[PDB]
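Undergrad: Pasting in a structure now, in structure tokens, and then I'll have a few things to ask.
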Amino acid sequence: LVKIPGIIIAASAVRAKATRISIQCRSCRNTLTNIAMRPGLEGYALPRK
Amino acid sequence: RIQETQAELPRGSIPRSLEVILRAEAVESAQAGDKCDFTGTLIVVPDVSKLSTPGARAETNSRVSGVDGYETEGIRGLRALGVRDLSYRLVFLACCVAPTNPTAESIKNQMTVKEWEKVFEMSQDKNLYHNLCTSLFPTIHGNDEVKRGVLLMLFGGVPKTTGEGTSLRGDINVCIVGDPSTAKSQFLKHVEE
Ligand SMILES: Nc1ncnc2c1ncn2[C@@H]1O[C@H](COP(=O)(O)OP(=O)(O)O)[C@@H](O)[C@H]1O
Ligand SMILES: [Mg+2]
Ligand SMILES: [Zn+2]
């Protein structure tokens, strides 16, 4: 944890980021629900089976 | 494979069977039908189809849990934690095999000087024909003809082969027929002993 002063020169637009996702299967239409995403700039890899 | 002898049987019990393993030079000996003493170790070997019901098993100490889409269900969870069934069986490894109670030149060389002295003393006795009859059958009264026949069958003849490819018997076969209680099975039991 750090504390730092500065001056702001650029600010991007407000966008949307997901924290809980749900995915569906092609054939049997089963679902995996309430998968928790990680905070910050981190992605997620879908399962294959 | 070895089997427990009759003298060690308790009341109403079938003899116990055990597996013995021979490595390298000791492999040669211990032919079938022998009655031998073994000296070695008692060792545990795993088995497969012993447990029709779940029992003791192994696992890993790592505190690992599953993730959505890869949840540790039955088959995948068991394979991930490396679960193995602990089944075992008892096996004997032998390092020394001996007879329980112990090529004419080889036989002569095996015998010691005192044994050869005894053999030579036996050799030159005419009473060998008589005394062998009484020695093997001390309790049975009479029937000396049967005793002589059994001794002759025990010693046996000489086998030969001819030039045409035929073979000639060298063994002797004996049959006894008699009225009840004429010690008929005693000869069989004495020869077996
Ligand atoms: N000549 C004999 N001398 C000593 N014992 C005898 C004689 N004949 C019979 N016996 C005794 O009688 C019994 C005969 O039974 P067994 O020999 O089994 O008859 P079988 O063989 O005909 O069925 C034996 O236990 C034996 O001790
Ligand atoms: Mg009989
Ligand atoms: Zn599916």
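We're sticking with Swiss-Prot numbering for chain B, so the shown stretch reads 207-308, 321-411, in order.
Method on record in the header is electron microscopy, 3.1 Å.
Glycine is no exception: its Cβ is also placed from the backbone N, Cα and C atoms.
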Undergrad: Labelled phosphoserine in Swiss-Prot - which residue from B:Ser271, B:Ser385 would that be?
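TA: Going through B:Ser271, B:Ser385 one by one, Swiss-Prot annotates B:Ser271 as phosphoserine.
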Undergrad: Among B:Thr278, B:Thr357, B:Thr380, can you tell me which residue Swiss-Prot lists with the annotation phosphothreonine?
TA: B:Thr278
Undergrad: For the modified residues listed here, B:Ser219, B:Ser271, B:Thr278, which shows the highest count of neighbouring CB atoms within 10 A?
TA: B:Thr278
Undergrad: Fill in the CA-CA distance, B:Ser271 (phosphoserine) to B:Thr278 (phosphothreonine), as an integer in Å.
TA: 7
